[PDB]
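Enquirer: Quick one: experimental structure and sequence below.
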Amino acid sequence: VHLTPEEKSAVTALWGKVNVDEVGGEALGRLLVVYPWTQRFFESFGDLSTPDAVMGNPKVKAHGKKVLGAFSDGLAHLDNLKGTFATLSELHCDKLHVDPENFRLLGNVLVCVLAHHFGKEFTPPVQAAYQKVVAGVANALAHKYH
Amino acid sequence: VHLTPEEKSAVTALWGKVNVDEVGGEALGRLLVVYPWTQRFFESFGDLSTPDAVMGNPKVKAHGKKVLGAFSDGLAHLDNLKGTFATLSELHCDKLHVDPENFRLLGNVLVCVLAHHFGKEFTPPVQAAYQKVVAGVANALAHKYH
Amino acid sequence: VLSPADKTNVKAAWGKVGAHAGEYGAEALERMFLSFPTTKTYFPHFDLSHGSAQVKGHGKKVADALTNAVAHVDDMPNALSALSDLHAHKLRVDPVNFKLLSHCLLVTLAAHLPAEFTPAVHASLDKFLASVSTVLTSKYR
Amino acid sequence: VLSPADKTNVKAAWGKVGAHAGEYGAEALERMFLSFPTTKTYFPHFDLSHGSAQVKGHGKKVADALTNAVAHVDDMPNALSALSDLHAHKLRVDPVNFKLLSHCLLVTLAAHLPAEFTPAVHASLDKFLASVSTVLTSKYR
Ligand code: HEM
Ligand code: HEM
Ligand code: HNI
Ligand code: HNI
């Protein structure tokens, strides 16, 4: 999982430029558009029938903020992701019944959203560092499943 | 992964009844038959044209025995699979250029071979314990890749 | 693509299973829930207790669908059309799980077909279950 | 299956890529080798470091193959037939790796197409690359 100090600094530097609320809504929305079976968890969110219906859905946006908010907090604990996300892992398993494959899909979409936003600034080495991060976070969220 | 005392007991108990020679040869042979692209590493093993040629190949059987022998030794290090397989991980990465997906394929084939041999004795809980082991060994062998 | 040789191997193997299919389906589900606990996230509404009648009933349905797919191995997309609709539009099971059930079905067949589960038949059954999985996920997006 | 809208989206996006296809192919490979080191096991004879002439050349070949797939989007199994043979019988790249290159291609396109890479286009491109991947692994067994 773990990153070099060069990679940790690259992750932190880029994230300082990230609007977490906005990127969160964008990432969750794109997840539901690109992999539409992931909509199964969000029947109570209302209209998800078109890409625009999904991306601009107020509840999708609100939940995206919440999810990436927790992600962002976790970036302060890259040495202990499993501990950091233990209670959320338990919750997603026991209460929400969310297949952990969804965490991996979200990670992939998030990397795409960062690339889209930052363009050439999202260099291959920076991508590699963030790939380590999203893999680590997905693995951490999957860890307490039983 | 992380085995419970009960699962560790079940794994060791079944393994004491395993003919490593037979099971090793069967597992590698079936890997090459069921997922024939895995033959790419074994051009020097000679005739691999038909299932019968693969299963009866002396180098396949030799090399299956060697692999499962190292697997067997690893079972004495269940709480530190990454440490014990660190040397072989580097070897398979840097010297042999073996895609770690191959470790996962072999694990699944091994479980099939054990089920084929033991029949009803390979109960769902025993399978579940062995799935944890083969996953752990595959992850350990992939851990030092770079 | 399933070869003519594959189809022969699958039909013969499933023929040997015969009326045990329903039982083997339930066993494969039990093996899947135990070995791959994340798959239980699709059945929180099920009773998953030991010997669950609900799991047994579901195993029968899965088995019957596979039996029908074997009988129509030349035209599986059409045979499994309604089932493909159901998984894509309602159940929405992530595609990665189909490999997990397929493996557990293979393991179940191996444990019950000592003479029949040759390397060649092993290969054909694996291809068949992958083909079924492909059809069942063909309408997901 | 690619929808009419998918095909419109893929053609429009690849059209915007235009003369940069080869460059983006090389960049996607570089991204893959750095983000997913296991993929390097298939190129032990390659210089894989940044600025590699071998990677640049290979990038062009991959891009050209994708351009041809776009041109024959309704007949990709036949258009990519020789390439599918090459991967199945010679190179024997494990099928799991095609998703890795596909993701890195998407990331590359996202980084270069700010206006074009909408969520709908994103979805279509992902489906397209998955379809190309399916064709390239269709003859493995
Ligand atoms: C070869 C693969 C599979 C086959 C042949 C199959 C077949 C079936 C069948 C026949 C039904 C019942 C349809 C009906 O009652 O109208 C069903 C329902 C269902 N399947 Fe699948 N299935 C497969 C894979 C999977 C996998 C991998 C999962 C999840 C891990 C899954 C989850 C479900 C669920 C949750 C239901 C609804 C059960 C209920 O509420 O009663 N299926 N499937
Ligand atoms: C969309 C996916 C892919 C496309 C379109 C593609 C296309 C190509 C093309 C056009 C060639 C050159 C064929 C020739 O020289 O006759 C090639 C070769 C090759 N590909 Fe693929 N490929 C894909 C995926 C992959 C992946 C994922 C890997 C490994 C991780 C891979 C490994 C190789 C290797 C090792 C070669 C030989 C390179 C050499 O020796 O110069 N390919 N591919
Ligand atoms: C595709 C499904 C899915 C994914 C990929 C996902 C990925 C993530 C990730 C990955 C980075 C994080 C950090 C995260 C964090 C959270 N999720 Ni997730 N969640 C998902 C489905 C949910 C659902 C469903 C809820 C409950 C929402 C509701 O209706 O209240 C949820 C609720 C939460 C909550 C609020 C907890 C509570 O209500 O007590 C947090 C925090 N999450 N989710
Ligand atoms: C792709 C297939 C492949 C798989 C799945 C695989 C899986 C494993 C597993 C998984 C349980 C283990 C424990 C293992 C252990 C070993 N392998 Ni693997 N190996 C594989 C391809 C090789 C090859 C190739 C060699 C070299 C053989 C030779 O001819 O020299 C090898 C050599 C070895 C050796 C001998 C090392 C030495 O020379 O000192 C050991 C031990 N291994 N291999």
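Expert: In hand now; what should we look at? Numbering: from 1, shown residues only, chains lettered A, B, ... in the order given. Ligands and ions are numbered 1, 2, ... in the order given.
Enquirer: just the helices in the chain please.
Expert: Picked chain A for this. A:5-15, A:20-34, A:51-55, A:58-74, A:81-84, A:86-94, A:101-118, A:124-142 (DSSP state H).
Enquirer: The chain in question should be chain C.
Expert: C:4-17, C:21-35, C:53-71, C:76-79, C:81-86, C:96-112, C:119-136.
Enquirer: Which one of those lies nearest to residue D:138?
Expert: helix C:119-136 (10.4 Å; Cβ to Cβ). Every residue, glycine included, has its C-beta placed from N, CA and C.
Enquirer: I'd like to know which elements that closest one is packed against.
Expert: Helix C:119-136 is packed against helix B:20-34, helix B:51-55, helix C:4-17, helix C:53-71, helix C:76-79, helix C:81-86, helix C:96-112, with contacts defined by 3 or more Cβ pairs under 8 Å, 6 or more residues apart in numbering or on different chains; DSSP states H and E.
Enquirer: With distance to residue B:127 and mean neighbour count added, can I get these in JSON lines?
Expert: Shown next, in JSON lines, are these (distance: least, Cβ to Cβ, whole Å; neighbours: other Cβ atoms under 10 Å in any protein chain shown):
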{"stretch": "helix B:20-34", "distance to residue B:127": "15", "mean neighbour count": "23"}
{"stretch": "helix B:51-55", "distance to residue B:127": "23", "mean neighbour count": "18"}
{"stretch": "helix C:4-17", "distance to residue B:127": "19", "mean neighbour count": "16"}
{"stretch": "helix C:53-71", "distance to residue B:127": "16", "mean neighbour count": "17"}
{"stretch": "helix C:76-79", "distance to residue B:127": "28", "mean neighbour count": "16"}
{"stretch": "helix C:81-86", "distance to residue B:127": "27", "mean neighbour count": "14"}
{"stretch": "helix C:96-112", "distance to residue B:127": "6", "mean neighbour count": "21"}
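Enquirer: could these be laid out in a markdown table, adding distance to ligand 3?
Expert: Shown next, in a markdown table, are those (distance: least, Cβ to the nearest ligand atom, whole Å):
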| stretch | distance to ligand 3 |
| --- | --- |
| helix B:20-34 | 33 |
| helix B:51-55 | 42 |
| helix C:4-17 | 35 |
| helix C:53-71 | 24 |
| helix C:76-79 | 28 |
| helix C:81-86 | 20 |
| helix C:96-112 | 13 |
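Enquirer: Any chance of the ones you listed in a markdown table with distance to residue B:103 as columns?
Expert: Shown next, in a markdown table, are those (distance: least, Cβ to Cβ, whole Å):
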| stretch | distance to residue B:103 |
| --- | --- |
| helix B:20-34 | 10 |
| helix B:51-55 | 19 |
| helix C:4-17 | 26 |
| helix C:53-71 | 29 |
| helix C:76-79 | 31 |
| helix C:81-86 | 32 |
| helix C:96-112 | 15 |
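Enquirer: Quick check: closest non-adjacent residue to residue 101.
Expert: You didn't pick a chain, so chain A it is. Leaving out its chain neighbours, the residue that sits closest to residue A:101 by Cβ to Cβ, 6 or more residues apart in numbering or on different chains is residue C:94, at 4.5 Å.
Enquirer: um, chain C though
Expert: residue C:32 (5.4 Å).
Enquirer: if I look at the closest residue to residue C:105 other than its chain neighbours, how far off is residue C:99?
Expert: Setting aside the residues directly before and after it, residue C:105 is nearest to residue C:28 in space (Cβ to Cβ, 6+ apart), at 4.5 Å. With distances taken as Cβ to Cβ, to the nearest Å, residue C:28 is found 13 Å from residue C:99.
Enquirer: just the residues of chain C that are near ligand 1, which are they?
Expert: By the rule Cβ under 6 Å from any ligand atom, the part of chain C lying against ligand 1 is C:39, C:42-43, C:58, C:61-62, C:65-66, C:83, C:86-87, C:91, C:93, C:97-98, C:101, C:132-133, C:136.
Enquirer: 5 Å instead, please
Expert: Proximity of chain C to ligand 1 (Cβ under 5 Å from any ligand atom) is limited to residues C:39, C:42, C:61-62, C:65, C:91, C:93, C:97-98, C:101, C:132.
Enquirer: circling back: make sure the residue nearest to residue A:101 is actually in contact with residue A:103.
Expert: No: look at residue C:94 against residue A:103 with Cβ atoms under 8 Å: they stay out of range, at 11.0 Å.
Enquirer: The closest residue to chain A within chain C: how many residues sit nearby?
Expert: Chain C approaches chain A most closely through residue C:92 (3.8 Å), counting by Cβ to the nearest Cβ. A total of 18 residues lie near residue C:92 under the criterion other Cβ atoms under 10 Å in any protein chain shown.
Enquirer: list the contacts for residue C:124?
Expert: C:2, C:5-6, C:9-10, C:13 (Cβ atoms under 8 Å, 6 or more residues apart in numbering or on different chains).
Enquirer: Tell me the one of those residues nearest ligand 1?
Expert: residue C:10 (13.1 Å; Cβ to the nearest ligand atom).
Enquirer: what's the closest non-adjacent residue to the closest one?
Expert: Using Cβ to Cβ, 6+ apart and skipping the chain neighbours, the partner closest in space to residue C:10 is residue C:128 (4.7 Å).
Enquirer: what about the one you found, how many neighbours?
Expert: Neighbours of residue C:128 (other Cβ under 10 Å): 26.
Enquirer: wouldn't it be in contact with residue C:6 here?
Expert: Yes: taking contacts as Cβ under 8 Å, residue C:128 lies within contact range of residue C:6: 6.6 Å.
Enquirer: any idea how far residue A:81 is from residue A:122?
Expert: Taken as Cβ to Cβ, the span from residue A:81 to residue A:122 is 22 Å.
Enquirer: repeat for residue A:20
Expert: 16 Å.
Enquirer: can you list the residues of chain A near ligand 3?
Expert: A:38, A:41, A:67, A:70-71, A:96, A:98, A:102, A:106.
Enquirer: Now restrict those to buried residues only.
Expert: A:38, A:41, A:67, A:71, A:98, A:102, A:106 (16 or more other Cβ atoms under 10 Å in any protein chain shown).
Enquirer: Would you reformat the residues you listed as JSON lines and include distance to ligand 1?
Expert: Below are these laid out as JSON lines (distance: Cβ to the nearest ligand atom, whole Å):
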{"residue": "A:38", "distance to ligand 1": "15"}
{"residue": "A:41", "distance to ligand 1": "14"}
{"residue": "A:67", "distance to ligand 1": "24"}
{"residue": "A:71", "distance to ligand 1": "26"}
{"residue": "A:98", "distance to ligand 1": "13"}
{"residue": "A:102", "distance to ligand 1": "13"}
{"residue": "A:106", "distance to ligand 1": "19"}
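Enquirer: Just give me the closest of those to residue B:57.
Expert: Nearest to residue B:57 among these, with distances taken as Cβ to Cβ, is residue A:102, at 43.0 Å.
Enquirer: which residues touch the closest one?
Expert: By Cβ under 8 Å, 6+ apart, the neighbours of residue A:102 are A:31, A:38, A:41, C:94.
Enquirer: can you give me phi and psi for residue C:118?
Expert: With angles defined as degrees, to the nearest 10, residue C:118 sits at phi -70, psi 160.
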